[PDB]
Protein chains: 2
Amino acid sequence: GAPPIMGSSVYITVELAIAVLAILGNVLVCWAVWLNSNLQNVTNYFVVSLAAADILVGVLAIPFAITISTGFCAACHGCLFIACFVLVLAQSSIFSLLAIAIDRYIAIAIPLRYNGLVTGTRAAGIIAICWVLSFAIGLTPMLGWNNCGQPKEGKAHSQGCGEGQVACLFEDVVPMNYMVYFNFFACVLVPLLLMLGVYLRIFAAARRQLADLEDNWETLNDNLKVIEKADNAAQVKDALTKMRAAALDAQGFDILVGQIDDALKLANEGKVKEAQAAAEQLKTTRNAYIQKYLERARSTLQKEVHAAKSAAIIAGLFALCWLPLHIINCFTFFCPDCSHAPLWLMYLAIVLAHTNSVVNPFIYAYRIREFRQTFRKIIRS
Amino acid sequence: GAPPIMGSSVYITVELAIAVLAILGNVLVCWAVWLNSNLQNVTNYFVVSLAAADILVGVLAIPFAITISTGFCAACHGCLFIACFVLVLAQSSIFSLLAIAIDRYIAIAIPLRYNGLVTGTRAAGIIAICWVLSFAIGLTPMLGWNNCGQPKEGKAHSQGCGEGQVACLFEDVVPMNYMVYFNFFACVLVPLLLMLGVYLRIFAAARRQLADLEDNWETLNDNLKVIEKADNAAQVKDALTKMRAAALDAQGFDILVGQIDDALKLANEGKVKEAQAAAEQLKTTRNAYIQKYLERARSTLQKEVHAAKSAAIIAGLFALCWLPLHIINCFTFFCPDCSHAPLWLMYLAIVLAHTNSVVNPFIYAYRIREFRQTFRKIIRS
Ligand SMILES: CC(C)CCC[C@@H](C)[C@H]1CC[C@H]2[C@@H]3CC=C4C[C@@H](O)CC[C@]4(C)[C@H]3CC[C@]12C
Ligand SMILES: CC(C)CCC[C@@H](C)[C@H]1CC[C@H]2[C@@H]3CC=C4C[C@@H](O)CC[C@]4(C)[C@H]3CC[C@]12C
Ligand SMILES: N#Cc1c(N)nc(SCc2ncc[nH]2)c(C#N)c1-c1ccccc1
Ligand SMILES: N#Cc1c(N)nc(SCc2ncc[nH]2)c(C#N)c1-c1ccccc1
Ligand code: NA
Ligand code: NA
């Protein structure tokens with residue numbers, strides 16, 4: 001049984017190292033968005049809300065975690081504030097991650113109405129609502145769902161606490177049924193599962209749109225071959241009618257549709273050879289115009305998929321960092337006779353959850369050019 | 001390719017956290033030995049030499065590691081000093097660990113001559129020799145075994161280095177054949193293997209001595225039973241002669257040997273019943289005296305085994321922390337075409353080796369009462 005200040009010196013130093021990084025990296029995220037007008041869009045306002053939560057993890061949650069780990073004497077409700085504040089930040093993070101996923105789904109599924117649906121001032125209103133909701137969720141124990149009515153009086157007397165005070169220990173004041181059913185299952189697990197569903201729908205929408213672009217491109221080229229190897233005017237007409245509906249479906253295009261109409265008129269006059277010659281002109285338009293549109297549309301979809309993968313990595317890292325702590329609480333709660341969860345593992349799980357506040361600035365720097373470039377310029381300046 | 005200052009900010013913060021802990025813990029080790037005269041013995045003078053090396057890891061090696069990781073412009077030999085200084089500390093640690101193992105072997109194998117062989121002033125002389133040898137081993141590259149004759153001129157010109165300067169990078173100035181054959185195989189691996197051999201001999205010596213104590217105890221009790229179930233004076237004499245040689249072998253004992261002689265005289269006179277009655281008196285002496293010696297001797301051996309296990313854990317942790325770095329160097333050296341050792345893994349291996357400077361104060365606190373108690377009193381004061 002080595003002096004408690006030794007093992008806790010490792011814990012405290014690790015916590016403070018994480019706080020330094022959480023503050024530095026996320027201040028840099030906010031700074032980049034403030035300076036670069038190319039980074040000022042709705043998606044990045046939620047990115048700023050998420051970085052603000054991570055800055056408060058370093059400034060407030062980590063000092064609070066170090067404090068409550070001592071078990072210092074405190075009035076139960078004051079204790080309950082420094083125990084639960086991290087839950088407010090985690091909840092705010094969940095709401096920002098969920099909003100980012102929904103923003104990306106609107107952008108890929110209905111890009112025509114994105115600008116009119118997703119407004120900068122509406123994003124600020126959603127963020128405000130989400131922060132107020134997060135306070136209500138994270139601080140629900142202070143509203144009455146707590147163990148303040150059944151204080152551990154033996155622990156309070158041992159530590160020489162005053163009347164009306166308890167030894168401030170997280171597990172003594174925050175109910176385990178709140179942590180597992182309310183915080184984990186309802187407020188963390190359900191939103192993360194919803195996020196997963198949204199990301200699946202984003203990638204499936206992108207996969208289908210790319211297939212539809214290639215399907216229309218193939219239909220155009222295949223029907224040109226059908227016209228070349230046709231012997232009757234009815235066969236030329238059949239392929240041209242299918243090409244015309246496909247050209248409007250994919251909507252340079254004025255020349256294309258006009259040239260299809262020119263050949264269709266010749267086909268209807270029974271001039272097969274003349275219709276096939278008119279259809280050959282379509283190849284020049286396809287090369288000079290249509291292929292450029294196809295390649296630009298494909299490149300736009302790939303950029304959207306790349307941005308959605310970056311956002312999903314951010315969400316995936318939140319799940320990876322927070323799940324161990326939640327899972328440990330599930331074992332403590334659901335298996336009361338399980339000899340499990342040593343204190344070193346509980347501190348490792350807490351340290352891992354705090355680590356999530358360090359990782360997002362790295363993901364933006366490694367995956368997003370505009371962020372990476374702005375970070376270089378801020379470090380230079 | 002995120003800005004280099006970001007990933008290196010994680011590395012630097014982790015290195016500085018380790019330096020804080022290496023200094024704090026090992027200052028506490030030195031403080032305890034200085035204050036408590038129960039901790040002032042030869043074994044703990046080597047413990048202080050090992051803690052002094054760990055304090056210099058925090059004060060000098062870690063700031064040097066951070067510095068050379070930038071690749072700053074430097075005169076090749078100056079570069080070679082801040083590259084190799086950590087090797088001096090690692091070598092000094094190896095010598096202290098080896099001395100601690102040899103000290104414990106002398107204590108268990110020849111406890112009668114330990115005080116006369118192992119002197120405090122001789123320990124200070126060995127430590128002095130070991131530190132001078134460590135400087136020669138660790139700084140052998142500065143004596144000429146270096147890549148200063150073949151500077152990477154393209155790297156020096158790129159960084160705008162002056163004439164006579166190189167980009168200070170460990171792998172550019174310290175030869176890989178020095179690191180693998182000389183530093184690893186000869187100066188690290190051979191001494192660690194020697195340490196393992198010494199620890200095996202310590203535990204085998206302890207195991208044999210405990211078996212010899214129980215063998216003499218069993219021989220005493222079994223021969224008492226032989227005397228009780230004897231019918232002739234020759235049988236009583238045979239068991240008493242074996243008991244007498246065993247009593248001197250285990251050397252209260254004056255009473256025991258005298259009572260054996262009393263019964264032996266009766267046996268030689270052909271007085272069987274009288275000899276068996278005289279031998280029954282041995283039981284009172286065995287209970288009042290001999291069993292107390294047996295239990296104290298057994299308890300002393302168990303304390304020595306416990307102390308040797310603690311010292312072996314210290315050595316085992318050095319091997320566990322330093323081996324990954326050495327093994328990575330072996331892959332780089334022996335397999336030049338092996339696409340291996342990413343830079344994040346090289347930093348993880350360096351961070352793990354530095355971590356070894358933090359762990360020893362914890363092992364003493366968790367395993368050694370006199371250290372643990374002194375640490376409490378230093379923290380109280
Ligand atoms: C994607 C979702 C479903 C993953 C979230 C993790 C949850 C639902 C799972 C994963 C492992 C599960 C635990 C596995 C082991 C036990 C021990 C048993 O005595 C009580 C239930 C308990 C404690 C389970 C509770 C629920 C649990 C924590
Ligand atoms: C107890 C002692 C023997 C353990 C010390 C580790 C040393 C001797 C061993 C363990 C794993 C070994 C390495 C395993 C793989 C390779 C790849 C091969 O292409 C070159 C040799 C090399 C690089 C070996 C060199 C020696 C090595 C590093
Ligand atoms: N779940 C849980 C939990 C806990 N069971 N304990 C503590 S603090 C005392 C402690 N740390 C290690 C051992 N004992 C904390 C804190 N902060 C938490 C916690 C909860 C949510 C978010 C972040 C952390
Ligand atoms: N072996 C090796 C080694 C190395 N190959 N490089 C570096 S420093 C640049 C670096 N760190 C990460 C990537 N690149 C260092 C240092 N210090 C060492 C080293 C050697 C002995 C002891 C402790 C560390
Ligand atoms: Na967060
Ligand atoms: Na060391």
# chains A, B, ... in the order shown; residues from 1 in each chain; ligands from 1
$ interface_residues --of "chain A" --to "chain B" --cutoff "8 Å" --atoms "only C-alpha atoms" --output "PyMOL selection string"
chain A and resi 1-3+6-7+9-10+13-14+17+21+362+365-366+372+375-376
$ write_last_selection --atoms "N, CA, C and O atoms" --output "PDB file, in the first residue's frame"
ATOM      1  N   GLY A   1       0.796  -1.221   0.000  1.00  0.00           N
ATOM      2  CA  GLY A   1       0.000   0.000   0.000  1.00  0.00           C
ATOM      3  C   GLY A   1       0.828   1.271   0.000  1.00  0.00           C
ATOM      4  O   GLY A   1       0.915   1.959   1.019  1.00  0.00           O
ATOM      5  N   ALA A   2       1.438   1.601  -1.150  1.00  0.00           N
ATOM      6  CA  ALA A   2       2.267   2.797  -1.310  1.00  0.00           C
ATOM      7  C   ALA A   2       1.470   4.071  -1.043  1.00  0.00           C
ATOM      8  O   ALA A   2       0.266   4.103  -1.320  1.00  0.00           O
ATOM      9  N   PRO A   3       2.127   5.146  -0.528  1.00  0.00           N
ATOM     10  CA  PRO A   3       1.406   6.412  -0.269  1.00  0.00           C
ATOM     11  C   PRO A   3       0.496   6.844  -1.422  1.00  0.00           C
ATOM     12  O   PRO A   3       0.878   6.766  -2.594  1.00  0.00           O
ATOM     13  N   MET A   6       1.497   9.072  -4.507  1.00  0.00           N
ATOM     14  CA  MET A   6       2.391   8.590  -5.560  1.00  0.00           C
ATOM     15  C   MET A   6       1.640   8.145  -6.832  1.00  0.00           C
ATOM     16  O   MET A   6       1.874   8.692  -7.913  1.00  0.00           O
ATOM     17  N   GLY A   7       0.730   7.184  -6.696  1.00  0.00           N
ATOM     18  CA  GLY A   7      -0.060   6.707  -7.823  1.00  0.00           C
ATOM     19  C   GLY A   7      -0.931   7.802  -8.392  1.00  0.00           C
ATOM     20  O   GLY A   7      -1.055   7.928  -9.615  1.00  0.00           O
ATOM     21  N   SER A   9      -0.106  10.924  -8.316  1.00  0.00           N
ATOM     22  CA  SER A   9       0.790  11.860  -9.026  1.00  0.00           C
ATOM     23  C   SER A   9       0.920  11.482 -10.503  1.00  0.00           C
ATOM     24  O   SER A   9       1.021  12.361 -11.360  1.00  0.00           O
ATOM     25  N   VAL A  10       0.885  10.179 -10.808  1.00  0.00           N
ATOM     26  CA  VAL A  10       0.905   9.717 -12.186  1.00  0.00           C
ATOM     27  C   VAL A  10      -0.418  10.115 -12.840  1.00  0.00           C
ATOM     28  O   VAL A  10      -0.415  10.729 -13.899  1.00  0.00           O
ATOM     29  N   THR A  13      -0.591  14.010 -13.309  1.00  0.00           N
ATOM     30  CA  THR A  13       0.302  14.470 -14.374  1.00  0.00           C
ATOM     31  C   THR A  13      -0.248  14.108 -15.766  1.00  0.00           C
ATOM     32  O   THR A  13      -0.214  14.928 -16.695  1.00  0.00           O
ATOM     33  N   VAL A  14      -0.793  12.891 -15.898  1.00  0.00           N
ATOM     34  CA  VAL A  14      -1.388  12.458 -17.154  1.00  0.00           C
ATOM     35  C   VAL A  14      -2.616  13.320 -17.473  1.00  0.00           C
ATOM     36  O   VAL A  14      -2.747  13.800 -18.595  1.00  0.00           O
ATOM     37  N   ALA A  17      -1.457  16.721 -18.624  1.00  0.00           N
ATOM     38  CA  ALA A  17      -0.879  16.668 -19.972  1.00  0.00           C
ATOM     39  C   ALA A  17      -1.997  16.691 -21.024  1.00  0.00           C
ATOM     40  O   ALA A  17      -1.908  17.427 -22.011  1.00  0.00           O
ATOM     41  N   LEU A  21      -3.059  19.675 -24.035  1.00  0.00           N
ATOM     42  CA  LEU A  21      -3.313  19.326 -25.426  1.00  0.00           C
ATOM     43  C   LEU A  21      -4.744  19.614 -25.865  1.00  0.00           C
ATOM     44  O   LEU A  21      -4.966  20.035 -26.997  1.00  0.00           O
ATOM     45  N   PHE A 362      -6.281  16.859 -34.636  1.00  0.00           N
ATOM     46  CA  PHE A 362      -5.376  16.055 -35.442  1.00  0.00           C
ATOM     47  C   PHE A 362      -6.098  15.488 -36.638  1.00  0.00           C
ATOM     48  O   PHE A 362      -5.539  15.495 -37.724  1.00  0.00           O
ATOM     49  N   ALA A 365      -6.504  18.273 -39.179  1.00  0.00           N
ATOM     50  CA  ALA A 365      -5.221  18.578 -39.801  1.00  0.00           C
ATOM     51  C   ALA A 365      -4.774  17.506 -40.784  1.00  0.00           C
ATOM     52  O   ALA A 365      -4.267  17.835 -41.849  1.00  0.00           O
ATOM     53  N   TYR A 366      -4.969  16.231 -40.447  1.00  0.00           N
ATOM     54  CA  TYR A 366      -4.556  15.145 -41.324  1.00  0.00           C
ATOM     55  C   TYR A 366      -5.525  14.882 -42.467  1.00  0.00           C
ATOM     56  O   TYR A 366      -5.102  14.329 -43.480  1.00  0.00           O
ATOM     57  N   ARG A 372      -5.734  22.210 -42.347  1.00  0.00           N
ATOM     58  CA  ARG A 372      -4.300  21.978 -42.308  1.00  0.00           C
ATOM     59  C   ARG A 372      -3.505  23.209 -42.714  1.00  0.00           C
ATOM     60  O   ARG A 372      -2.565  23.576 -42.025  1.00  0.00           O
ATOM     61  N   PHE A 375      -3.892  26.053 -40.079  1.00  0.00           N
ATOM     62  CA  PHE A 375      -3.093  25.738 -38.896  1.00  0.00           C
ATOM     63  C   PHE A 375      -1.624  26.121 -39.132  1.00  0.00           C
ATOM     64  O   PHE A 375      -1.023  26.723 -38.248  1.00  0.00           O
ATOM     65  N   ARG A 376      -1.068  25.848 -40.346  1.00  0.00           N
ATOM     66  CA  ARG A 376       0.318  26.210 -40.695  1.00  0.00           C
ATOM     67  C   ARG A 376       0.499  27.718 -40.563  1.00  0.00           C
ATOM     68  O   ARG A 376       1.463  28.171 -39.952  1.00  0.00           O
TER      69      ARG A 376
END
$ residues_near_ligand --ligand "ligand 4" --cutoff "10 Å" --atoms "only C-alpha atoms and all ligand atoms" --output "PyMOL selection string"
chain B and resi 8+11+61-71+82-90+138+168-172+174-176+179-180+183-184+322+324-330+332+341-354
$ residues_around --residues "segment 154-165 of chain A" --least-positions-apart "4" --cutoff "6 Å" --atoms "only C-alpha atoms" --output "mmCIF file with C-alpha atoms, in the first residue's frame"
data_model
loop_
_atom_site.group_PDB
_atom_site.id
_atom_site.type_symbol
_atom_site.label_atom_id
_atom_site.label_comp_id
_atom_site.auth_asym_id
_atom_site.auth_seq_id
_atom_site.Cartn_x
_atom_site.Cartn_y
_atom_site.Cartn_z
ATOM 1 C CA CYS A 73 -15.422 17.207 2.040
ATOM 2 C CA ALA A 74 -18.215 19.027 0.245
ATOM 3 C CA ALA A 75 -21.923 19.903 0.420
#
$ closest_atom_pairs --of "chain B" --to "ligand 6" --cutoff "12 Å" --atoms "only C-alpha atoms and all ligand atoms" --output "CSV"
residue,atom,partner,partner_atom_place_in_ligand_line,distance
B:22,CA,ligand 6,1 (Na),9.5
B:23,CA,ligand 6,1 (Na),11.8
B:26,CA,ligand 6,1 (Na),10.3
B:46,CA,ligand 6,1 (Na),11.9
B:47,CA,ligand 6,1 (Na),10.5
B:48,CA,ligand 6,1 (Na),11.1
B:49,CA,ligand 6,1 (Na),9.6
B:50,CA,ligand 6,1 (Na),6.1
B:51,CA,ligand 6,1 (Na),7.3
B:52,CA,ligand 6,1 (Na),8.7
B:53,CA,ligand 6,1 (Na),5.8
B:54,CA,ligand 6,1 (Na),5.0
B:55,CA,ligand 6,1 (Na),8.8
B:56,CA,ligand 6,1 (Na),9.2
B:57,CA,ligand 6,1 (Na),7.6
B:58,CA,ligand 6,1 (Na),10.4
B:61,CA,ligand 6,1 (Na),10.9
B:86,CA,ligand 6,1 (Na),9.5
B:87,CA,ligand 6,1 (Na),10.1
B:88,CA,ligand 6,1 (Na),10.1
B:89,CA,ligand 6,1 (Na),6.6
B:90,CA,ligand 6,1 (Na),5.7
B:91,CA,ligand 6,1 (Na),8.5
B:92,CA,ligand 6,1 (Na),7.8
B:93,CA,ligand 6,1 (Na),4.8
B:94,CA,ligand 6,1 (Na),7.8
B:95,CA,ligand 6,1 (Na),10.2
B:96,CA,ligand 6,1 (Na),9.1
B:97,CA,ligand 6,1 (Na),9.1
B:314,CA,ligand 6,1 (Na),9.8
B:315,CA,ligand 6,1 (Na),9.7
B:316,CA,ligand 6,1 (Na),11.9
B:317,CA,ligand 6,1 (Na),9.9
B:318,CA,ligand 6,1 (Na),7.1
B:319,CA,ligand 6,1 (Na),10.5
B:321,CA,ligand 6,1 (Na),9.7
B:322,CA,ligand 6,1 (Na),9.5
B:352,CA,ligand 6,1 (Na),11.7
B:353,CA,ligand 6,1 (Na),8.6
B:354,CA,ligand 6,1 (Na),8.0
B:355,CA,ligand 6,1 (Na),9.0
B:356,CA,ligand 6,1 (Na),6.0
B:357,CA,ligand 6,1 (Na),5.1
B:358,CA,ligand 6,1 (Na),8.7
B:359,CA,ligand 6,1 (Na),9.3
B:360,CA,ligand 6,1 (Na),8.5
B:361,CA,ligand 6,1 (Na),11.3
$ write_last_selection --atoms "N, CA and C atoms" --output "short mmCIF file (atom, residue, chain, number, x, y, z; two decimals), in the first residue's frame"
data_model
loop_
_atom_site.label_atom_id
_atom_site.label_comp_id
_atom_site.auth_asym_id
_atom_site.auth_seq_id
_atom_site.Cartn_x
_atom_site.Cartn_y
_atom_site.Cartn_z
N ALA B 22 10.04 11.35 -13.30
CA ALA B 22 11.36 10.76 -13.11
C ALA B 22 12.14 11.56 -12.06
N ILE B 23 12.05 12.89 -12.11
CA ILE B 23 12.71 13.74 -11.14
C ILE B 23 12.09 13.59 -9.75
N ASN B 26 12.47 9.88 -8.03
CA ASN B 26 13.85 9.53 -7.72
C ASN B 26 14.50 10.49 -6.76
N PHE B 46 23.86 1.52 -4.33
CA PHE B 46 23.65 1.25 -5.74
C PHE B 46 22.26 1.72 -6.15
N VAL B 47 21.24 1.59 -5.27
CA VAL B 47 19.89 2.10 -5.50
C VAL B 47 19.93 3.62 -5.71
N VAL B 48 20.78 4.34 -4.94
CA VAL B 48 20.96 5.77 -5.10
C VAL B 48 21.65 6.11 -6.42
N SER B 49 22.64 5.30 -6.83
CA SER B 49 23.32 5.50 -8.12
C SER B 49 22.33 5.32 -9.29
N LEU B 50 21.44 4.35 -9.16
CA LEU B 50 20.42 4.08 -10.15
C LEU B 50 19.39 5.22 -10.17
N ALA B 51 19.02 5.76 -8.99
CA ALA B 51 18.09 6.89 -8.93
C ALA B 51 18.72 8.17 -9.46
N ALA B 52 20.04 8.35 -9.27
CA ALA B 52 20.75 9.52 -9.78
C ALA B 52 20.74 9.51 -11.32
N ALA B 53 20.90 8.31 -11.93
CA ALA B 53 20.85 8.15 -13.38
C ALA B 53 19.45 8.50 -13.87
N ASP B 54 18.41 8.09 -13.13
CA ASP B 54 17.04 8.40 -13.53
C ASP B 54 16.69 9.88 -13.38
N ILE B 55 17.27 10.55 -12.37
CA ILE B 55 17.09 11.99 -12.20
C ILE B 55 17.71 12.71 -13.41
N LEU B 56 18.90 12.26 -13.87
CA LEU B 56 19.55 12.84 -15.04
C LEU B 56 18.82 12.54 -16.36
N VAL B 57 17.96 11.50 -16.38
CA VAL B 57 17.12 11.22 -17.54
C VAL B 57 16.09 12.35 -17.64
N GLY B 58 15.50 12.73 -16.52
CA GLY B 58 14.52 13.80 -16.50
C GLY B 58 15.15 15.16 -16.72
N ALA B 61 18.60 13.91 -20.28
CA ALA B 61 18.28 13.06 -21.43
C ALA B 61 16.98 13.40 -22.15
N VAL B 86 22.16 9.75 -23.25
CA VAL B 86 21.22 8.77 -22.71
C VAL B 86 21.84 7.37 -22.61
N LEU B 87 22.78 7.05 -23.51
CA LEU B 87 23.46 5.77 -23.49
C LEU B 87 24.35 5.67 -22.25
N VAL B 88 24.92 6.80 -21.76
CA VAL B 88 25.73 6.82 -20.54
C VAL B 88 24.85 6.47 -19.35
N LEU B 89 23.66 7.06 -19.29
CA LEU B 89 22.74 6.81 -18.20
C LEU B 89 22.22 5.39 -18.24
N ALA B 90 21.93 4.86 -19.43
CA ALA B 90 21.46 3.48 -19.54
C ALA B 90 22.54 2.51 -19.10
N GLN B 91 23.80 2.81 -19.45
CA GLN B 91 24.92 1.96 -19.08
C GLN B 91 25.18 2.01 -17.61
N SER B 92 25.07 3.20 -17.00
CA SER B 92 25.23 3.32 -15.56
C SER B 92 24.15 2.53 -14.82
N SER B 93 22.92 2.54 -15.35
CA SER B 93 21.81 1.79 -14.81
C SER B 93 22.11 0.29 -14.85
N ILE B 94 22.65 -0.21 -15.97
CA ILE B 94 23.00 -1.62 -16.15
C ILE B 94 24.02 -2.04 -15.12
N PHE B 95 25.04 -1.20 -14.90
CA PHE B 95 26.06 -1.51 -13.92
C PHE B 95 25.48 -1.53 -12.49
N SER B 96 24.56 -0.60 -12.16
CA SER B 96 23.94 -0.59 -10.84
C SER B 96 23.07 -1.81 -10.65
N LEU B 97 22.27 -2.18 -11.66
CA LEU B 97 21.42 -3.36 -11.58
C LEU B 97 22.25 -4.63 -11.41
N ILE B 314 12.84 -5.04 -10.56
CA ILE B 314 13.46 -3.80 -11.01
C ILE B 314 14.24 -4.06 -12.31
N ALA B 315 15.08 -5.12 -12.32
CA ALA B 315 15.87 -5.51 -13.49
C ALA B 315 14.98 -5.95 -14.66
N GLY B 316 13.93 -6.69 -14.35
CA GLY B 316 12.99 -7.18 -15.35
C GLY B 316 12.27 -6.04 -16.03
N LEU B 317 11.93 -5.00 -15.27
CA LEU B 317 11.28 -3.82 -15.84
C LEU B 317 12.23 -3.02 -16.74
N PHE B 318 13.55 -3.01 -16.43
CA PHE B 318 14.54 -2.36 -17.28
C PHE B 318 14.58 -3.09 -18.63
N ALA B 319 14.61 -4.43 -18.59
CA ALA B 319 14.64 -5.23 -19.80
C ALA B 319 13.36 -5.03 -20.62
N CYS B 321 11.36 -2.39 -20.65
CA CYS B 321 11.28 -1.03 -21.19
C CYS B 321 12.28 -0.72 -22.27
N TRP B 322 13.48 -1.29 -22.17
CA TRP B 322 14.51 -1.01 -23.16
C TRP B 322 14.54 -1.95 -24.33
N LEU B 352 8.67 4.65 -24.06
CA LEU B 352 8.67 3.49 -23.17
C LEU B 352 9.99 3.34 -22.44
N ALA B 353 11.12 3.58 -23.12
CA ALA B 353 12.44 3.48 -22.49
C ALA B 353 12.61 4.56 -21.42
N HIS B 354 12.13 5.78 -21.69
CA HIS B 354 12.19 6.87 -20.72
C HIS B 354 11.32 6.56 -19.50
N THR B 355 10.15 5.89 -19.71
CA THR B 355 9.21 5.46 -18.66
C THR B 355 9.88 4.66 -17.57
N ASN B 356 10.93 3.89 -17.93
CA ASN B 356 11.67 3.11 -16.94
C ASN B 356 12.22 3.99 -15.80
N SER B 357 12.50 5.27 -16.08
CA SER B 357 12.99 6.18 -15.05
C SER B 357 11.93 6.59 -14.04
N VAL B 358 10.66 6.27 -14.28
CA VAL B 358 9.55 6.62 -13.40
C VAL B 358 9.17 5.47 -12.45
N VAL B 359 9.32 4.23 -12.93
CA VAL B 359 8.80 3.05 -12.26
C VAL B 359 9.52 2.60 -10.99
N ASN B 360 10.85 2.73 -10.87
CA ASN B 360 11.56 2.23 -9.68
C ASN B 360 11.04 2.77 -8.32
N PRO B 361 10.81 4.09 -8.12
CA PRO B 361 10.26 4.55 -6.83
C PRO B 361 8.93 3.90 -6.45
#
$ residues_around --residues "residue 285 of chain A" --least-positions-apart "2" --cutoff "12 Å" --atoms "only C-alpha atoms" --output "ChimeraX atom specification"
/A:220,252-260,278-283,287-293
